[PDB]
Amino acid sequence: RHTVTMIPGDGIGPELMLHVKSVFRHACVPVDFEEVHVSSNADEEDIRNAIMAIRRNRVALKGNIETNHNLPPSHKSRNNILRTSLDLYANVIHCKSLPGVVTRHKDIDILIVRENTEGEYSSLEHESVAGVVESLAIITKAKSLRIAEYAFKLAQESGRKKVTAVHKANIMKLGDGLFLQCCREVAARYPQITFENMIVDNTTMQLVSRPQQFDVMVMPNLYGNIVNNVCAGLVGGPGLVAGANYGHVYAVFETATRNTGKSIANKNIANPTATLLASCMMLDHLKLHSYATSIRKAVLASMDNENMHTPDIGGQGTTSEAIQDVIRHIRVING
């Protein structure tokens, strides 16, 4: 039996965590959740305590913590403190068209590998002359090399054929040039993988026109934020796509678009699919592959039926009704 840290987060996080626990009980998942709460607190001893819990258990499933951007610059995002402190360097999401969820595009299958620590996320801002905010952001060889290393390895291990580095080296010649040169450095060791590159501006235009061209995409932090949301939008939105944050030793699982969902919370309408699929990625990472598979099949089967859909994908069903159907599908393959 494994022990997994659970951070419920804000918004829809707590309500969906209950359904995760519920689904694990019906699937007889040998996993115990150790809940740690993180307010968007002035204090940090909570975040320090949550980090300890994750170092201890090595694996966490988390909801999103809301960042109040009206607070002063001393108060930083707790999500970002969490992921950078633990050095969870690879944000990876899988956007795949779902047969049951019909969008403006089909045959989408994109793995996005996003560097998760540096760039504007670890930048320094100051106002040394009044009315002038200066931003100092860092990009490094070591971190660019290992994200590229991660992306190529993942491509090879998943039987994928092409890695596209997205960047803006036409403008950011030194920083994004260094990032690109690190990808090429790694590319030379994977001669079986096609390596391409694409400017981030152009990449967005390609995704909304012909997103089927992309296979595995690798990029620094900010462009990852943009590309993740675009790709998640193309396949049906934030309700459907799971996200992973991998370090060398720790791993944390969440919804791909990192949304709190405050506006829809406590109305029994939140789509549980992203969260459940995140819990499945987590089970794979714990080598509980048979459990992950049963559950993943169950949620994919329910989403195949439009009567189960929640309002975010045009449906009229409640969260609890979707969960009911998932549990029904586990039980059918269960015995």
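For every residue, the number given is its place in the sequence shown, counted from 1.
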Checklist entry - Comparing 45-53 with 63-71, which has the greater mean CA B-factor as deposited? => result 45-53
Item to check | 295-303 or 36-44, whichever carries the higher mean Cα B-factor | outcome: 36-44
Item to check | Given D176, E115, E125, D107, the residue at which the Cα B factor reaches its maximum | outcome: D107
Item to check | Candidate set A130, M217, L234, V252 [ranked by C-alpha B-factor, highest] | outcome: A130
Item to check | Cα B factor band for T319 (lowest, middle or highest third within the chain) | outcome: lowest
Checklist outcome for this item: Among the modelled residues of its chain, the C-alpha B-factor of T140 falls in the third labelled lowest
Next on the checklist: What third of the chain does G224 rank in for C-alpha temperature factor, lowest, middle or highest?
Outcome noted: lowest
Checklist outcome for this item: Of the three thirds of the chain ranked by Cα temperature factor, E15 occupies the middle
Checklist entry - With respect to C-alpha B-factor, does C95 fall in the lowest, middle or highest third of the chain as deposited? => result middle
